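Report on the structure
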Amino acid sequence: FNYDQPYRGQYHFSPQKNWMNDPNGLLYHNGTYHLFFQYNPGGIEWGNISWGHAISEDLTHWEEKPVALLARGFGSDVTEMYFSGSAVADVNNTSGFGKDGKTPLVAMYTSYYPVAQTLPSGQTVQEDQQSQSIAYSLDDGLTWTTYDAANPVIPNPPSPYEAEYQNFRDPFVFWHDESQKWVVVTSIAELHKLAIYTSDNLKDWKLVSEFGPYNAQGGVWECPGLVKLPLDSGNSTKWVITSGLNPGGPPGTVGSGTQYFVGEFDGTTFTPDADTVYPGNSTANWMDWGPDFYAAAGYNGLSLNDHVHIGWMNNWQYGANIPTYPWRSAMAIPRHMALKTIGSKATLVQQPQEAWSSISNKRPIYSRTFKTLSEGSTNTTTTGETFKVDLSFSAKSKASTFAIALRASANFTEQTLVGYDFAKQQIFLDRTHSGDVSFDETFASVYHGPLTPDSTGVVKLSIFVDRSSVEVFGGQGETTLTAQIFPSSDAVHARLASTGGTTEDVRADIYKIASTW
Ligand SMILES: *[C@@H]1O[C@H](CO)[C@@H](O[C@H]2O[C@H](CO)[C@@H](O)[C@H](O)[C@H]2NC(C)=O)[C@H](O)[C@H]1NC(C)=O
Ligand SMILES: *[C@@H]1O[C@H](CO)[C@@H](O)[C@H](O)[C@H]1NC(C)=O
Ligand SMILES: *[C@@H]1O[C@H](CO)[C@@H](O)[C@H](O)[C@H]1NC(C)=O
Ligand SMILES: *[C@@H]1O[C@H](CO)[C@@H](O)[C@H](O)[C@H]1NC(C)=O
Ligand SMILES: OC[C@H]1O[C@](O)(CO)[C@@H](O)[C@@H]1O
């Protein structure tokens with residue numbers, strides 16, 4: 001398939017055609033990274049919801065596979081859609097679904113029932129009911145058999161929340177080594193609360209705890225996850241819950257986004273650290289401070305120092321109307337997950353996880369240093385649409401802002417600014433003039449995230465630009481900002497801007513990135 005379209009991310013996953021949302025079923029198994037996803041095999045907006053499937057060996061060069069779980073009744077009257085979920089390798093065959101070949105892979109997902117019906121299990125469901133169901137694969141994920149004899153395996157929200165039957169979703173299941181149990185985290189989405197269950201077999205589930213609400217609650221809670229991450233460089237760890245909400249995303253945005261909490265988990269209960277939860281209902285720990293980082297989910301099958309989350313690189317505010325064809329939506333750059341102590345606080349740090357050396361020029365197309373960069377804007381360089389920028393500079397500069405203007409037309413009336421506000425100690429990303437912003441009024445915005453200089457006073461930014469996106473990794477990765485842009489074909493220029501004064505100790509390098517398709 002030829003993926004050479006305007007706006008087609010060349011180093012982000014998207015399906016060849018049709019609509020995609022949340023990442024699903026993330027599992028590394030026998031050398032392979034599986035990427036499932038919410039998919040419409042019949043259209044370019046949300047509908048007919050199914051699990052698509054793609055694989056890579058390197059989180060970079062993806063190959064699209066056949067549809068894994070195709071909406072039941074697709075092409076006729078649809079009776080069941082496969083909402084979001086997760087996947088594990090049941091290597092010891094606790095489910096019993098293994099035969100005389102491979103052990104089973106097992107998927108746990110939300111069944112959405114668009115019509116009232118009685119299921120093969122003999123259970124009755126109501127119109128718009130959401131329940132938790134399982135399927136299995138004996139061919140390493142290529143094809144899947146749904147567990148029709150008993151699905152759904154978690155039909156109802158826990159009491160006293162039975163009324164929440166339409167909004168009960170997004171199971172993240174994983175093997176908890178310490179308790180030798182399967183654990184699943186689900187979202188009672190309207191209540192801003194998660195429900196945690198255990199199992200010895202993936203079929204029979206017992207409710208063990210509920211978590212939340214805390215922090216951000218200005219939207220329905222979705223896409224919960226729980227993972228053990230390393231802290232700093234020794235042997236300390238902490239558990240982290242990641243969860244989405246829609247709307248009520250990060251300050252400065254309108255729509256969806258992703259928050260987290262740091263704590264401990266004992267196999268049944270997640271206890272948030274005292275400093276991860278904030279009085280009230282507004283302040284939160286944002287995984288990403290930009291508008292287009294949602295439904296972020298973790299990989300099963302990875303070790304402590306190898307953990308990866310993938311996010312949907314879109315926003316429900318306007319996601320249906322991005323000017324893409326014949327696909328809609330991409331995933332963000334996969335995000336390596338760790339914790340670092342920053343300003344005396346265990347803080348999520350992310351790294352851009354692709355095989356960059358396989359696709360990046362070694363020689364920068366642009367590279368400069370300035371002991372003092374003068375106020376104003378430098379000479380223009382041409383970057384193409386796909387590249388990485390490395391910037392560093394002194395926090396003590398007199399400029400009000402320092403930034404790169406990129407994906408810019410030659411006269412820079414079209415541009416996306418990525419920089420730092422010295423007084424506010426914030427990263428900004430201004431896409432107000434970034435190109436096509438016509439399809440939603442909230443799209444043409446300036447976004448912000450906090451970033452304290454390092455110990456030596458240096459602010460560092462790494463910026464990844466692909467055909468319709470910008471991703472900013474600040475400092476060691478403690479602040480990311482992810483933003484779609486839709487620039488015109490000529491918007492391939494860049495320059496540096498020191499506004500209101502000079503910027504000291506500037507270092508700037510830009511490297512070209514090749515296609516992974
Ligand atoms: C769900 O999938 C169906 C196809 O099974 C889509 O179907 C109809 O609408 C399309 C318009 O783009 C046509 O291309 C299809 O031929 C037509 N066919 C059928 C079976 O109805 C439908 O639009 C999809 N739903 C959404 C919301 O995209
Ligand atoms: C598989 O069994 C072994 C031995 O009991 C154990 O180490 C492991 O935790 C089991 N479960 C999984 C999912 O690996
Ligand atoms: C800008 O760079 C171009 C290309 O190298 C060069 O021709 C031009 O002289 C530069 N302008 C200035 C003022 O240096
Ligand atoms: C900027 O360049 C574009 C052509 O790409 C043009 O449409 C526009 O008029 C120019 N703007 C100004 C202010 O010169
Ligand atoms: O596609 C439906 C799925 O999408 C999400 O709403 C979030 O983007 C999930 O909560 C749900 O499972």
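Residues numbered from 1 in each chain as written, not as in the entry; some residues may be left out. Chains lettered and ligands numbered in written order. Heavy atoms only, no water.

As documented in the archive entry, the model was determined using X-ray crystallography at 1.87 Å resolution.

Notes on the sheet that holds strand β9 (residues 129-137)
Counted only if it meets this: By the convention used here, strands pair only if DSSP detects at least 2 bridges between them. Runs of H or I in DSSP of at least four residues are treated as helices and runs of E of at least two as strands, each being numbered from the N terminus.
What the four strands build is an open sheet, ordered β5-β6-β9-β10; its pairing is antiparallel. The strands lining the two open edges of the sheet, one partner per strand, are β5 (81-89) and β10 (145-146). In terms of strand pairing, β5 meets strand β6 (residues 105-113) through seven bridges, oriented antiparallel. Within β6, the position partnered with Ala-89 by the bridge is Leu-105.

Topic: the pairing of strand β23 (residues 335-342)
Bridging between strand β21 (residues 308-312) and β23 involves two bridges; their strand directions are antiparallel. If you follow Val-308 over to β23, its bridge partner there is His-336. Joining the antiparallel neighbours β23 and strand β24 (residues 345-352) is a turn of two residues, in which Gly-343 adopts a positive phi near 50°.

Description of the domain arrangement of the chain
Filter applied, for reference: In this document the domain limits rely on a domain assignment from an automatic tool or a database. Contacts are assigned to residue pairs that have any heavy atoms within 4.5 Å of one another. As used here, buried area is the combined drop in accessible area, with a 1.4 Å probe, of two parts when they are placed together. Here, a salt bridge means any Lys or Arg side-chain nitrogen found within 4 Å of an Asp or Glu carboxyl oxygen.
Per the domain assignment, the segments of the chain are domain 1 (1-355) and domain 2 (356-517). The gap between the C-alpha centroids of domain 1 and domain 2 is 31 Å. Residue-level contacts link 47 residues of domain 1 with 40 residues of domain 2. Broken down residue by residue, the surface that domain 1 buries against domain 2 is led by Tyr-7, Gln-10 and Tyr-11, which jointly contribute 21%. In this structure, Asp-4 engages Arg-467 in a salt bridge whose closest nitrogen and oxygen atoms are separated by 2.9 Å. At the level of secondary structure, the elements contributing two or more residues to the side of domain 1 that touches domain 2 comprise β23 and β24.

Concerning the sheet that holds strand β3 (residues 50-56)
For sheets, the rule is that strands pair by backbone hydrogen bonds, running either parallel or antiparallel. Pairing in this open sheet of five strands is mixed, and the strands run β4-β3-β2-β1-β22 from one edge to the other. The sheet is open, and its two edges are formed by β4 (63-64) and β22 (327-328), each paired on a single side. When strand β1 (residues 18-29) meets β22, the two strands line up parallel, connected through two bridges. Bridge assignment links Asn-18 to a residue of β22, and that residue is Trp-327.

Considering the pairing of β3
Cut-off, in case you're wondering: Relative accessibility under 20% of the residue-type maximum defines a buried residue, over 50% an exposed one, and the middle range a partly exposed one, all with a 1.4 Å probe and only protein chains included.
Most of β3 sits inside the fold, with seven of its seven residues counted as buried. In β3, alternate side chains face the same way, and those of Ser-50, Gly-52, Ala-54 and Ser-56 on one face and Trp-51, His-53 and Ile-55 on the other are all buried. Pairing between strand β2 (residues 32-39) and β3: seven bridges, direction antiparallel. Bridged to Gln-38 within β3 is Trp-51. Pairing between β3 and β4: two bridges, direction antiparallel. Looking at the pairing, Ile-55 lines up with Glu-63 of β4. Counted along the chain from β3 to the antiparallel partner β4, the turn is six residues long, and its residue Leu-59 has a positive phi close to 60°.

Details of the site of ligand 1
To keep things clear, this is the line we draw: We call a residue near a molecule or strand as soon as one heavy atom of that residue lies within 4 Å of the molecule or strand. N or O atoms within 3.5 Å of each other form a polar contact, as long as, within protein, one can give a hydrogen and the other can take it, and as long as residues adjacent in sequence are counted only when both atoms are side-chain atoms.
By nearness alone, every residue bordering ligand 1 is listed as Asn-40, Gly-42, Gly-43, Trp-46, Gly-47, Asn-48, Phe-74 and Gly-75. The side chain of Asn-40 places a nitrogen or oxygen atom 2.8 Å from an oxygen atom of ligand 1.

Here's the deal with the environment of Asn-361
Along the chain, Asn-361 falls in the loop between β24 and β25 (366-373). The spatial distance from the C-alpha of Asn-361 to the C-alpha of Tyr-511 is 6.1 Å, given a sequence separation of 150 residues. Once residues lying within four places of it in the same chain are set aside, the contact partners of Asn-361 are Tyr-511 and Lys-512.

Considering the packing of aromatic side chains
For clarity, the threshold we go by: By convention, a stacked pair of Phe, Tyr or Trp rings (six-membered ring in the case of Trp) has centres within 6.5 Å and planes under 30 degrees apart, an edge-to-face pair has planes over 60 apart, and any other such pair is tilted. For a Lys NZ or an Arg CZ to count as sitting over a ring, it must be within 6 Å of the ring centre and within 35 degrees of the ring normal.
Taken as a whole and assessed by the stated rule, the structure comprises 41 aromatic pairs. Between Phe-36 and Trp-144, the aromatic rings sit 5.8 Å apart at their centres with planes inclined by 85°, giving edge-to-face as the arrangement. Taken as a pair, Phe-36 in strand β2 and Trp-144 in the loop between β9 and β10 lie far apart in primary sequence, 108 residues in all. Exposure remark for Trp-144: the relative accessible area of 13% places this residue in the buried category. Taken together, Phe-1, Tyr-3, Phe-13, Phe-37, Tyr-39, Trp-62 and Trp-517 form an aromatic cluster joined through their ring pairs. A cation over an aromatic ring shows up here: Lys-203 above the ring of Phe-97, its NZ or CZ 5.3 Å from the ring centre.

Structural notes on unusual backbone geometry
A cis amide bond links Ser-159 to the next residue, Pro-160, at an omega of 5°. If you trace the backbone, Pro-160 turns up in the loop between β10 and β11 (169-176). That bond from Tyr-325 to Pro-326 is cis: its omega, 5°, falls within 30 degrees of zero. Tracing the backbone through its elements, the reader meets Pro-326 in the loop between β21 and β22. Even without being a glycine, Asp-128 presents a positive backbone phi close to 65°.

Points about the environment of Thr-381
If you trace the backbone, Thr-381 turns up in strand β27 (residues 381-382). Sequence separation between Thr-381 and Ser-209 is 172 residues; the distance between their C-alpha atoms is 56 Å. Residue contacts for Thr-381: discarding those within four places in its chain leaves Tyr-366, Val-492, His-493, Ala-494 and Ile-510.

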